[PDB]
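Data from protein32.pdb: PDB, C-alpha atoms and all ligand atoms
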MODEL        1
ATOM      1  CA  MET E   1      85.751  91.226 118.046  1.00  0.00           C
ATOM      2  CA  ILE E   2      84.026  94.549 118.831  1.00  0.00           C
ATOM      3  CA  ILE E   3      86.092  97.529 117.660  1.00  0.00           C
ATOM      4  CA  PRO E   4      85.072 100.724 119.479  1.00  0.00           C
ATOM      5  CA  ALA E   5      85.654 103.879 117.384  1.00  0.00           C
ATOM      6  CA  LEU E   6      86.150 107.632 117.834  1.00  0.00           C
ATOM      7  CA  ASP E   7      86.176 110.399 115.209  1.00  0.00           C
ATOM      8  CA  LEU E   8      88.460 113.313 116.172  1.00  0.00           C
ATOM      9  CA  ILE E   9      88.459 116.957 115.076  1.00  0.00           C
ATOM     10  CA  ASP E  10      91.081 119.242 116.643  1.00  0.00           C
ATOM     11  CA  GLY E  11      91.137 117.156 119.825  1.00  0.00           C
ATOM     12  CA  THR E  12      87.347 116.929 120.002  1.00  0.00           C
ATOM     13  CA  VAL E  13      85.236 113.765 119.899  1.00  0.00           C
ATOM     14  CA  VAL E  14      82.524 114.204 117.242  1.00  0.00           C
ATOM     15  CA  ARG E  15      79.553 112.305 115.837  1.00  0.00           C
ATOM     16  CA  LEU E  16      78.646 112.373 112.147  1.00  0.00           C
ATOM     17  CA  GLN E  24      78.583 117.137 113.514  1.00  0.00           C
ATOM     18  CA  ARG E  25      77.837 116.953 117.248  1.00  0.00           C
ATOM     19  CA  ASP E  26      80.503 117.655 119.872  1.00  0.00           C
ATOM     20  CA  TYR E  27      80.938 115.036 122.608  1.00  0.00           C
ATOM     21  CA  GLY E  28      83.736 116.863 124.384  1.00  0.00           C
ATOM     22  CA  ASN E  29      87.509 116.946 124.534  1.00  0.00           C
ATOM     23  CA  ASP E  30      88.170 113.816 126.594  1.00  0.00           C
ATOM     24  CA  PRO E  31      89.133 111.131 124.064  1.00  0.00           C
ATOM     25  CA  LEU E  32      91.750 109.409 126.292  1.00  0.00           C
ATOM     26  CA  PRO E  33      89.489 108.623 129.279  1.00  0.00           C
ATOM     27  CA  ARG E  34      86.844 107.436 126.765  1.00  0.00           C
ATOM     28  CA  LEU E  35      89.290 105.073 125.069  1.00  0.00           C
ATOM     29  CA  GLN E  36      90.683 103.884 128.383  1.00  0.00           C
ATOM     30  CA  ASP E  37      87.206 102.919 129.512  1.00  0.00           C
ATOM     31  CA  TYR E  38      86.570 101.062 126.239  1.00  0.00           C
ATOM     32  CA  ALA E  39      89.724  99.004 126.864  1.00  0.00           C
ATOM     33  CA  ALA E  40      88.813  98.505 130.545  1.00  0.00           C
ATOM     34  CA  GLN E  41      85.603  96.753 129.434  1.00  0.00           C
ATOM     35  CA  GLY E  42      87.506  94.210 127.370  1.00  0.00           C
ATOM     36  CA  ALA E  43      88.050  95.781 123.924  1.00  0.00           C
ATOM     37  CA  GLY E  44      91.035  94.185 122.183  1.00  0.00           C
ATOM     38  CA  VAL E  45      91.312  96.709 119.308  1.00  0.00           C
ATOM     39  CA  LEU E  46      90.320 100.392 118.896  1.00  0.00           C
ATOM     40  CA  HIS E  47      89.638 102.557 115.793  1.00  0.00           C
ATOM     41  CA  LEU E  48      90.328 106.308 115.342  1.00  0.00           C
ATOM     42  CA  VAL E  49      89.509 108.631 112.472  1.00  0.00           C
ATOM     43  CA  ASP E  50      91.617 111.798 112.254  1.00  0.00           C
ATOM     44  CA  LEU E  51      89.158 114.108 110.509  1.00  0.00           C
ATOM     45  CA  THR E  52      91.522 117.078 110.866  1.00  0.00           C
ATOM     46  CA  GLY E  53      94.261 115.174 109.053  1.00  0.00           C
ATOM     47  CA  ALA E  54      91.764 114.044 106.412  1.00  0.00           C
ATOM     48  CA  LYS E  55      90.960 117.649 105.528  1.00  0.00           C
ATOM     49  CA  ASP E  56      94.603 118.754 105.653  1.00  0.00           C
ATOM     50  CA  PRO E  57      97.481 116.248 106.121  1.00  0.00           C
ATOM     51  CA  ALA E  58      99.716 119.144 107.185  1.00  0.00           C
ATOM     52  CA  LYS E  59      97.646 119.341 110.368  1.00  0.00           C
ATOM     53  CA  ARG E  60      97.611 115.599 111.095  1.00  0.00           C
ATOM     54  CA  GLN E  61      96.992 115.182 114.807  1.00  0.00           C
ATOM     55  CA  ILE E  62     100.192 113.209 115.434  1.00  0.00           C
ATOM     56  CA  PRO E  63     100.868 114.551 118.952  1.00  0.00           C
ATOM     57  CA  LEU E  64      97.333 113.652 120.098  1.00  0.00           C
ATOM     58  CA  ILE E  65      97.515 110.236 118.425  1.00  0.00           C
ATOM     59  CA  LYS E  66     100.809 109.572 120.233  1.00  0.00           C
ATOM     60  CA  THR E  67      99.207 110.364 123.596  1.00  0.00           C
ATOM     61  CA  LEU E  68      96.153 108.209 122.930  1.00  0.00           C
ATOM     62  CA  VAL E  69      98.147 105.146 121.779  1.00  0.00           C
ATOM     63  CA  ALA E  70     100.489 105.442 124.734  1.00  0.00           C
ATOM     64  CA  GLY E  71      97.546 105.753 127.100  1.00  0.00           C
ATOM     65  CA  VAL E  72      95.884 102.415 126.296  1.00  0.00           C
ATOM     66  CA  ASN E  73      97.213  98.818 126.270  1.00  0.00           C
ATOM     67  CA  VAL E  74      95.518  97.660 123.047  1.00  0.00           C
ATOM     68  CA  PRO E  75      96.327  98.113 119.350  1.00  0.00           C
ATOM     69  CA  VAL E  76      94.744 101.136 117.672  1.00  0.00           C
ATOM     70  CA  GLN E  77      94.048 101.355 113.965  1.00  0.00           C
ATOM     71  CA  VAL E  78      94.074 104.916 112.669  1.00  0.00           C
ATOM     72  CA  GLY E  79      92.843 106.487 109.440  1.00  0.00           C
ATOM     73  CA  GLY E  80      92.065 109.889 107.954  1.00  0.00           C
ATOM     74  CA  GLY E  81      93.709 111.329 104.858  1.00  0.00           C
ATOM     75  CA  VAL E  82      96.428 108.720 104.415  1.00  0.00           C
ATOM     76  CA  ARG E  83      97.705 109.729 100.992  1.00  0.00           C
ATOM     77  CA  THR E  84     101.415 108.961 100.954  1.00  0.00           C
ATOM     78  CA  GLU E  85     104.080 106.546 102.137  1.00  0.00           C
ATOM     79  CA  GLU E  86     105.267 109.347 104.426  1.00  0.00           C
ATOM     80  CA  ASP E  87     101.808 109.524 106.071  1.00  0.00           C
ATOM     81  CA  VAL E  88     101.859 105.768 106.732  1.00  0.00           C
ATOM     82  CA  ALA E  89     105.375 105.899 108.192  1.00  0.00           C
ATOM     83  CA  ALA E  90     104.565 108.885 110.409  1.00  0.00           C
ATOM     84  CA  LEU E  91     101.523 107.161 111.947  1.00  0.00           C
ATOM     85  CA  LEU E  92     103.424 103.932 112.552  1.00  0.00           C
ATOM     86  CA  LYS E  93     106.292 105.899 114.112  1.00  0.00           C
ATOM     87  CA  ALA E  94     103.764 107.548 116.471  1.00  0.00           C
ATOM     88  CA  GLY E  95     102.882 104.092 117.743  1.00  0.00           C
ATOM     89  CA  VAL E  96      99.763 103.095 115.857  1.00  0.00           C
ATOM     90  CA  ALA E  97      99.256  99.382 115.270  1.00  0.00           C
ATOM     91  CA  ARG E  98      97.640  99.592 111.830  1.00  0.00           C
ATOM     92  CA  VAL E  99      97.080 102.353 109.318  1.00  0.00           C
ATOM     93  CA  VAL E 100      93.640 102.585 107.670  1.00  0.00           C
ATOM     94  CA  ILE E 101      93.839 103.460 103.980  1.00  0.00           C
ATOM     95  CA  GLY E 102      90.736 104.703 102.202  1.00  0.00           C
ATOM     96  CA  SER E 103      90.562 106.629  98.931  1.00  0.00           C
ATOM     97  CA  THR E 104      94.234 106.064  98.074  1.00  0.00           C
ATOM     98  CA  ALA E 105      93.585 102.288  97.903  1.00  0.00           C
ATOM     99  CA  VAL E 106      91.002 102.957  95.177  1.00  0.00           C
ATOM    100  CA  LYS E 107      92.907 105.642  93.303  1.00  0.00           C
ATOM    101  CA  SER E 108      96.494 104.312  93.219  1.00  0.00           C
ATOM    102  CA  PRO E 109      96.568 100.518  93.657  1.00  0.00           C
ATOM    103  CA  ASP E 110     100.123 100.049  92.357  1.00  0.00           C
ATOM    104  CA  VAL E 111     101.387 102.612  94.872  1.00  0.00           C
ATOM    105  CA  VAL E 112      99.485 100.968  97.728  1.00  0.00           C
ATOM    106  CA  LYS E 113     100.704  97.499  96.662  1.00  0.00           C
ATOM    107  CA  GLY E 114     104.206  98.909  97.256  1.00  0.00           C
ATOM    108  CA  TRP E 115     103.187  99.901 100.778  1.00  0.00           C
ATOM    109  CA  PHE E 116     102.114  96.302 101.431  1.00  0.00           C
ATOM    110  CA  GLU E 117     105.580  95.199 100.351  1.00  0.00           C
ATOM    111  CA  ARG E 118     107.325  97.790 102.555  1.00  0.00           C
ATOM    112  CA  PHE E 119     105.226  97.755 105.743  1.00  0.00           C
ATOM    113  CA  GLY E 120     103.583  94.304 105.643  1.00  0.00           C
ATOM    114  CA  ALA E 121      99.925  93.269 105.430  1.00  0.00           C
ATOM    115  CA  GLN E 122      99.586  93.225 109.208  1.00  0.00           C
ATOM    116  CA  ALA E 123     100.180  96.993 109.304  1.00  0.00           C
ATOM    117  CA  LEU E 124      97.479  98.051 106.807  1.00  0.00           C
ATOM    118  CA  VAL E 125      93.662  98.035 106.702  1.00  0.00           C
ATOM    119  CA  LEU E 126      91.865  98.860 103.445  1.00  0.00           C
ATOM    120  CA  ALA E 127      88.641 100.804 104.092  1.00  0.00           C
ATOM    121  CA  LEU E 128      86.160 100.577 101.239  1.00  0.00           C
ATOM    122  CA  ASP E 129      82.736 102.219 100.968  1.00  0.00           C
ATOM    123  CA  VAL E 130      80.314  99.991  99.069  1.00  0.00           C
ATOM    124  CA  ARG E 131      77.134 101.011  97.276  1.00  0.00           C
ATOM    125  CA  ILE E 132      74.882  98.208  95.932  1.00  0.00           C
ATOM    126  CA  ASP E 133      73.648  99.300  92.514  1.00  0.00           C
ATOM    127  CA  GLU E 134      70.527  98.558  90.440  1.00  0.00           C
ATOM    128  CA  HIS E 135      71.955  95.260  89.192  1.00  0.00           C
ATOM    129  CA  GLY E 136      72.992  94.090  92.661  1.00  0.00           C
ATOM    130  CA  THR E 137      76.687  94.762  92.089  1.00  0.00           C
ATOM    131  CA  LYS E 138      78.864  95.815  95.054  1.00  0.00           C
ATOM    132  CA  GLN E 139      80.247  99.119  93.764  1.00  0.00           C
ATOM    133  CA  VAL E 140      83.200 100.838  95.434  1.00  0.00           C
ATOM    134  CA  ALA E 141      82.989 104.612  95.975  1.00  0.00           C
ATOM    135  CA  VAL E 142      85.626 106.821  97.638  1.00  0.00           C
ATOM    136  CA  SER E 143      82.981 108.558  99.765  1.00  0.00           C
ATOM    137  CA  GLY E 144      79.266 108.772 100.421  1.00  0.00           C
ATOM    138  CA  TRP E 145      78.881 111.969  98.412  1.00  0.00           C
ATOM    139  CA  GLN E 146      80.879 111.009  95.320  1.00  0.00           C
ATOM    140  CA  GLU E 147      79.731 108.784  92.458  1.00  0.00           C
ATOM    141  CA  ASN E 148      80.845 105.183  92.051  1.00  0.00           C
ATOM    142  CA  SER E 149      84.459 104.665  90.997  1.00  0.00           C
ATOM    143  CA  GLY E 150      83.830 101.943  88.404  1.00  0.00           C
ATOM    144  CA  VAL E 151      85.298  98.983  90.303  1.00  0.00           C
ATOM    145  CA  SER E 152      83.532  96.316  92.344  1.00  0.00           C
ATOM    146  CA  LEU E 153      84.462  95.226  95.868  1.00  0.00           C
ATOM    147  CA  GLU E 154      85.491  91.811  94.535  1.00  0.00           C
ATOM    148  CA  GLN E 155      87.623  93.287  91.758  1.00  0.00           C
ATOM    149  CA  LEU E 156      89.451  95.589  94.150  1.00  0.00           C
ATOM    150  CA  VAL E 157      90.024  92.865  96.755  1.00  0.00           C
ATOM    151  CA  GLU E 158      91.505  90.637  94.066  1.00  0.00           C
ATOM    152  CA  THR E 159      93.883  93.448  93.070  1.00  0.00           C
ATOM    153  CA  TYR E 160      95.491  93.227  96.507  1.00  0.00           C
ATOM    154  CA  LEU E 161      95.404  89.481  97.264  1.00  0.00           C
ATOM    155  CA  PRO E 162      98.772  88.964  95.468  1.00  0.00           C
ATOM    156  CA  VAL E 163     100.511  91.189  98.055  1.00  0.00           C
ATOM    157  CA  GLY E 164      98.924  89.369 100.970  1.00  0.00           C
ATOM    158  CA  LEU E 165      95.892  91.509 101.852  1.00  0.00           C
ATOM    159  CA  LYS E 166      94.531  90.474 105.272  1.00  0.00           C
ATOM    160  CA  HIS E 167      92.328  93.286 106.654  1.00  0.00           C
ATOM    161  CA  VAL E 168      89.415  95.012 104.933  1.00  0.00           C
ATOM    162  CA  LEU E 169      86.931  97.430 106.522  1.00  0.00           C
ATOM    163  CA  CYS E 170      83.676  97.544 104.577  1.00  0.00           C
ATOM    164  CA  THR E 171      81.075 100.298 105.023  1.00  0.00           C
ATOM    165  CA  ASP E 172      77.670  99.847 103.338  1.00  0.00           C
ATOM    166  CA  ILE E 173      76.587 103.264 102.029  1.00  0.00           C
ATOM    167  CA  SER E 174      73.662 102.116  99.871  1.00  0.00           C
ATOM    168  CA  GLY E 181      68.674  92.405 105.229  1.00  0.00           C
ATOM    169  CA  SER E 182      70.900  93.692 102.429  1.00  0.00           C
ATOM    170  CA  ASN E 183      73.605  94.617 104.938  1.00  0.00           C
ATOM    171  CA  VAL E 184      73.838  91.121 106.398  1.00  0.00           C
ATOM    172  CA  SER E 185      73.738  89.447 102.964  1.00  0.00           C
ATOM    173  CA  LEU E 186      76.543  91.726 101.762  1.00  0.00           C
ATOM    174  CA  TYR E 187      78.897  90.606 104.507  1.00  0.00           C
ATOM    175  CA  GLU E 188      77.882  86.937 104.217  1.00  0.00           C
ATOM    176  CA  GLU E 189      78.746  86.904 100.513  1.00  0.00           C
ATOM    177  CA  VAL E 190      82.132  88.631 100.597  1.00  0.00           C
ATOM    178  CA  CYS E 191      83.289  86.792 103.739  1.00  0.00           C
ATOM    179  CA  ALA E 192      82.420  83.466 102.128  1.00  0.00           C
ATOM    180  CA  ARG E 193      84.238  84.348  98.894  1.00  0.00           C
ATOM    181  CA  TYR E 194      87.451  85.450 100.631  1.00  0.00           C
ATOM    182  CA  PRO E 195      87.797  83.430 103.852  1.00  0.00           C
ATOM    183  CA  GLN E 196      91.523  84.295 104.013  1.00  0.00           C
ATOM    184  CA  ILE E 197      90.605  87.963 104.622  1.00  0.00           C
ATOM    185  CA  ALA E 198      89.411  89.291 107.971  1.00  0.00           C
ATOM    186  CA  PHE E 199      86.558  91.683 107.170  1.00  0.00           C
ATOM    187  CA  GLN E 200      85.418  94.462 109.495  1.00  0.00           C
ATOM    188  CA  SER E 201      81.919  95.889 109.306  1.00  0.00           C
ATOM    189  CA  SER E 202      81.284  99.602 109.689  1.00  0.00           C
ATOM    190  CA  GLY E 203      78.006 101.541 109.880  1.00  0.00           C
ATOM    191  CA  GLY E 204      74.409 100.587 110.608  1.00  0.00           C
ATOM    192  CA  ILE E 205      74.864  99.827 114.313  1.00  0.00           C
ATOM    193  CA  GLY E 206      71.960 101.598 116.035  1.00  0.00           C
ATOM    194  CA  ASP E 207      71.280  99.136 118.844  1.00  0.00           C
ATOM    195  CA  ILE E 208      72.430  95.867 120.339  1.00  0.00           C
ATOM    196  CA  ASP E 209      70.297  93.738 117.974  1.00  0.00           C
ATOM    197  CA  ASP E 210      72.339  95.056 115.025  1.00  0.00           C
ATOM    198  CA  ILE E 211      75.442  93.417 116.515  1.00  0.00           C
ATOM    199  CA  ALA E 212      73.572  90.128 116.991  1.00  0.00           C
ATOM    200  CA  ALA E 213      72.616  90.229 113.310  1.00  0.00           C
ATOM    201  CA  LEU E 214      76.251  90.338 112.187  1.00  0.00           C
ATOM    202  CA  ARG E 215      76.985  87.188 114.190  1.00  0.00           C
ATOM    203  CA  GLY E 216      77.657  84.177 111.998  1.00  0.00           C
ATOM    204  CA  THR E 217      78.018  86.273 108.819  1.00  0.00           C
ATOM    205  CA  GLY E 218      81.754  85.615 108.905  1.00  0.00           C
ATOM    206  CA  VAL E 219      82.756  89.196 109.727  1.00  0.00           C
ATOM    207  CA  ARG E 220      85.742  89.201 112.102  1.00  0.00           C
ATOM    208  CA  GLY E 221      85.401  92.717 113.507  1.00  0.00           C
ATOM    209  CA  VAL E 222      82.500  95.080 114.133  1.00  0.00           C
ATOM    210  CA  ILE E 223      83.250  98.817 114.263  1.00  0.00           C
ATOM    211  CA  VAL E 224      81.011 100.586 116.792  1.00  0.00           C
ATOM    212  CA  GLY E 225      81.130 104.350 117.178  1.00  0.00           C
ATOM    213  CA  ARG E 226      77.979 106.485 117.579  1.00  0.00           C
ATOM    214  CA  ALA E 227      75.893 103.981 119.441  1.00  0.00           C
ATOM    215  CA  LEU E 228      78.419 104.052 122.303  1.00  0.00           C
ATOM    216  CA  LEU E 229      78.483 107.874 122.351  1.00  0.00           C
ATOM    217  CA  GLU E 230      74.677 107.921 122.393  1.00  0.00           C
ATOM    218  CA  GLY E 231      74.615 105.565 125.379  1.00  0.00           C
ATOM    219  CA  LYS E 232      72.538 102.905 123.614  1.00  0.00           C
ATOM    220  CA  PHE E 233      74.704 100.128 125.059  1.00  0.00           C
ATOM    221  CA  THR E 234      78.186  99.720 126.553  1.00  0.00           C
ATOM    222  CA  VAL E 235      81.322  98.081 125.183  1.00  0.00           C
ATOM    223  CA  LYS E 236      80.911  95.307 127.754  1.00  0.00           C
ATOM    224  CA  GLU E 237      77.333  94.636 126.551  1.00  0.00           C
ATOM    225  CA  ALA E 238      78.471  94.672 122.914  1.00  0.00           C
ATOM    226  CA  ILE E 239      81.201  92.111 123.634  1.00  0.00           C
ATOM    227  CA  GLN E 240      78.810  89.852 125.565  1.00  0.00           C
ATOM    228  CA  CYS E 241      76.438  89.924 122.594  1.00  0.00           C
ATOM    229  CA  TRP E 242      79.233  89.253 120.120  1.00  0.00           C
ATOM    230  CA  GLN E 243      80.537  86.289 122.145  1.00  0.00           C
ATOM    231  CA  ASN E 244      76.987  84.954 122.559  1.00  0.00           C
TER     232      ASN E 244
HETATM  233 NA    NA E 301      82.349 107.435 117.153  1.00  0.00          NA
ENDMDL
END
Will you turn the file into structure tokens for me?
Amino acid sequence: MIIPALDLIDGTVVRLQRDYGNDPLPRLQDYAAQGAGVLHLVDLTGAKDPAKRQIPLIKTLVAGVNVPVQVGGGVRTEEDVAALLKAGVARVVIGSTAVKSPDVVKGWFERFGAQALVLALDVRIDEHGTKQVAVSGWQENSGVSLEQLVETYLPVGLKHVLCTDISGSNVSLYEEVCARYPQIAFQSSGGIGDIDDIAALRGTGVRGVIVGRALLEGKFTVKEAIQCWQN
């Protein structure tokens, strides 16, 4: 499915920074009105300081649409996961903590269930052609491959992985990992500049396609994206 996405800073919709206004709820409602079955939010305020996690806003947004929302941004602790779920989010998106503390995160899978968690991994293809995991675009590689990290979590029932390519190559990347782990539903993130980019991901095996900036830029609509995806 198409997964429309917003990044939020202090109640403001931003592009990665350009301000697109303070109306995230009507934006999300219109995404759902066009047929979206899942939405994605990044709490950039929470990511910079978990003390200022935008829980009240997230509550309002989840309540205001009829579809599951997955939410990430500075999820560091079990308390963070619980607080987001309590606010009504469908799934919590875990990023750097899934790389840095796998035994701790494996415990979260046991407590909350695999249906409640999405692991978001940034992947950089190195000189050798290895899929290297990094915790962000501006930090060096972490010394573990995508495959190695996925296999760390398969024993606790990993089901959802969001993969962002931060290094043609894009499509091959998703074809390979989806083929290797058909029991995992992979989501693609990044590299969607126009409608043809969505077409290209078709048949790769990816289950979900995150689309953020291209919608804000008015390149195409959620309805058009879904029609392309469904072919
Ligand atoms: Na966005």
Counting all atoms listed in the file, name the residues that have an atom within 10 Å of an atom of ligand NA 301 (chain E); the answer should be given as an mmCIF file with C-alpha atoms, in the coordinates of the input.
data_model
loop_
_atom_site.group_PDB
_atom_site.id
_atom_site.type_symbol
_atom_site.label_atom_id
_atom_site.label_comp_id
_atom_site.auth_asym_id
_atom_site.auth_seq_id
_atom_site.Cartn_x
_atom_site.Cartn_y
_atom_site.Cartn_z
ATOM 1 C CA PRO E 4 85.072 100.724 119.479
ATOM 2 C CA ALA E 5 85.654 103.879 117.384
ATOM 3 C CA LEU E 6 86.150 107.632 117.834
ATOM 4 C CA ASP E 7 86.176 110.399 115.209
ATOM 5 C CA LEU E 8 88.460 113.313 116.172
ATOM 6 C CA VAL E 13 85.236 113.765 119.899
ATOM 7 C CA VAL E 14 82.524 114.204 117.242
ATOM 8 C CA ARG E 15 79.553 112.305 115.837
ATOM 9 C CA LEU E 16 78.646 112.373 112.147
ATOM 10 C CA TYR E 27 80.938 115.036 122.608
ATOM 11 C CA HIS E 47 89.638 102.557 115.793
ATOM 12 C CA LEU E 48 90.328 106.308 115.342
ATOM 13 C CA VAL E 49 89.509 108.631 112.472
ATOM 14 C CA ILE E 223 83.250 98.817 114.263
ATOM 15 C CA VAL E 224 81.011 100.586 116.792
ATOM 16 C CA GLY E 225 81.130 104.350 117.178
ATOM 17 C CA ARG E 226 77.979 106.485 117.579
ATOM 18 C CA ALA E 227 75.893 103.981 119.441
ATOM 19 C CA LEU E 228 78.419 104.052 122.303
ATOM 20 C CA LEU E 229 78.483 107.874 122.351
ATOM 21 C CA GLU E 230 74.677 107.921 122.393
#
(request) Using all atoms listed in the file, pick whichever of E:198, E:219, E:101, E:72 has the shortest atom-to-atom distance to residue 184 (chain E). (result) E:219
(request) Please evaluate the PyMOL selection byres (((chain E and resi 95) around 12) and not hetatm) against the displayed coordinates and give the resulting residues as JSON, numbers by chain. (result) {"E": [62, 63, 64, 65, 66, 67, 68, 69, 70, 71, 72, 73, 74, 75, 76, 77, 78, 88, 89, 90, 91, 92, 93, 94, 96, 97, 98, 99, 123]}
(message) The residues within 9 Å of (85.5, 100.5, 124.7), using only C-alpha atoms and the coordinates of the file, should be reported as a list in words; which are they?
(response) residues 2, 3, 4, 5, 34, 35, 36, 37, 38, 39, 40, 41, 42, 43, 44, 45, 46, 228, 234, 235 and 236 of chain E
(request) With a distance cut-off of 12 Å and only C-alpha atoms, select the neighbouring residues of residue 126 (chain E), excluding the residue or stretch itself and same-chain residues fewer than 5 positions from it, and output the selection as JSON, numbers by chain. (result) {"E": [77, 78, 79, 80, 82, 98, 99, 100, 101, 102, 103, 104, 105, 106, 109, 112, 113, 115, 116, 121, 140, 142, 153, 156, 157, 159, 160, 161, 165, 166, 167, 168, 169, 170, 171, 197, 198, 199, 200, 201]}
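Our summary of the geometry notes that CA of residue 233 (chain E) is positioned 18.2 Å from CA of residue 31 (chain E).
Between CA of residue 110 (chain E) and CA of residue 86 (chain E) lies a distance of 16.1 Å.
When all atoms listed in the file are used to compute distances to residue 127 (chain E), the closest of the residues E:87, E:237, E:111, E:172 turns out to be E:172.
CA of residue 25 (chain E) to CA of residue 210 (chain E) spans 22.7 Å [interatomic distance, one decimal].
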(request) Taking the file as shown, find all residues satisfying the PyMOL selection byres (((chain E and resi 148) around 10) and not hetatm) and write them as a PyMOL selection string. (result) chain E and resi 129-133+139-147+149-152
Return as lines of an AutoDock Vina configuration file the box centre and box size in Å, one decimal, for an axis-aligned box around all listed atoms of region 95-101 of chain E padded by 6 Å per side.
center_x = 98.3
center_y = 101.7
center_z = 110.9
size_x = 21.2
size_y = 16.7
size_z = 25.8
(request) Take the PyMOL selection byres (((chain E and resi 215) around 9) and not hetatm), apply it to the structure above, and return the hits as an NGL selection string. (result) :E and (211-214 or 216-219 or 241-244)
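Restricting the calculation to all atoms listed in the file, the smallest distance between residue 205 (chain E) and any of E:155, E:188, E:232, E:136 is found for E:232.
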My structure is short of atoms at region 159-184 of chain E; please model N, CA and C atoms there, returning them as a short mmCIF file (atom, residue, chain, number, x, y, z; two decimals), in the coordinates of the input.
data_model
loop_
_atom_site.label_atom_id
_atom_site.label_comp_id
_atom_site.auth_asym_id
_atom_site.auth_seq_id
_atom_site.Cartn_x
_atom_site.Cartn_y
_atom_site.Cartn_z
N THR E 159 92.71 92.66 93.41
CA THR E 159 93.88 93.45 93.07
C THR E 159 94.96 93.32 94.14
N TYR E 160 94.55 93.18 95.40
CA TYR E 160 95.49 93.23 96.51
C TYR E 160 95.84 91.85 97.11
N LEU E 161 95.09 90.82 96.75
CA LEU E 161 95.40 89.48 97.26
C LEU E 161 96.85 89.04 96.94
N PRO E 162 97.39 89.39 95.74
CA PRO E 162 98.77 88.96 95.47
C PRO E 162 99.84 89.56 96.38
N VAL E 163 99.55 90.64 97.10
CA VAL E 163 100.51 91.19 98.06
C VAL E 163 100.09 90.90 99.50
N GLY E 164 99.21 89.93 99.66
CA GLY E 164 98.92 89.37 100.97
C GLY E 164 97.90 90.10 101.81
N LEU E 165 96.96 90.78 101.16
CA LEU E 165 95.89 91.51 101.85
C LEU E 165 95.24 90.66 102.94
N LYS E 166 95.12 91.21 104.14
CA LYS E 166 94.53 90.47 105.27
C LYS E 166 93.37 91.19 105.97
N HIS E 167 93.34 92.52 105.92
CA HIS E 167 92.33 93.29 106.65
C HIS E 167 91.58 94.25 105.75
N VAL E 168 90.26 94.13 105.72
CA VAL E 168 89.42 95.01 104.93
C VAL E 168 88.25 95.49 105.80
N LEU E 169 88.05 96.80 105.83
CA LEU E 169 86.93 97.43 106.52
C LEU E 169 85.93 97.83 105.46
N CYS E 170 84.71 97.32 105.58
CA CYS E 170 83.68 97.54 104.58
C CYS E 170 82.49 98.32 105.16
N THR E 171 82.23 99.51 104.61
CA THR E 171 81.08 100.30 105.02
C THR E 171 79.99 100.27 103.94
N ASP E 172 78.78 99.85 104.30
CA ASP E 172 77.67 99.85 103.34
C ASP E 172 77.00 101.22 103.26
N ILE E 173 77.16 101.93 102.14
CA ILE E 173 76.59 103.26 102.03
C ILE E 173 75.44 103.31 101.01
N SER E 174 74.83 102.16 100.74
CA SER E 174 73.66 102.12 99.87
C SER E 174 72.39 101.99 100.69
N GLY E 181 68.98 93.06 106.49
CA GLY E 181 68.67 92.40 105.23
C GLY E 181 69.84 92.46 104.26
N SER E 182 69.84 93.49 103.41
CA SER E 182 70.90 93.69 102.43
C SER E 182 72.28 93.76 103.08
N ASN E 183 72.36 94.48 104.20
CA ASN E 183 73.60 94.62 104.94
C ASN E 183 74.20 93.26 105.31
N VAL E 184 73.39 92.43 105.96
CA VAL E 184 73.84 91.12 106.40
C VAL E 184 74.22 90.22 105.22
#
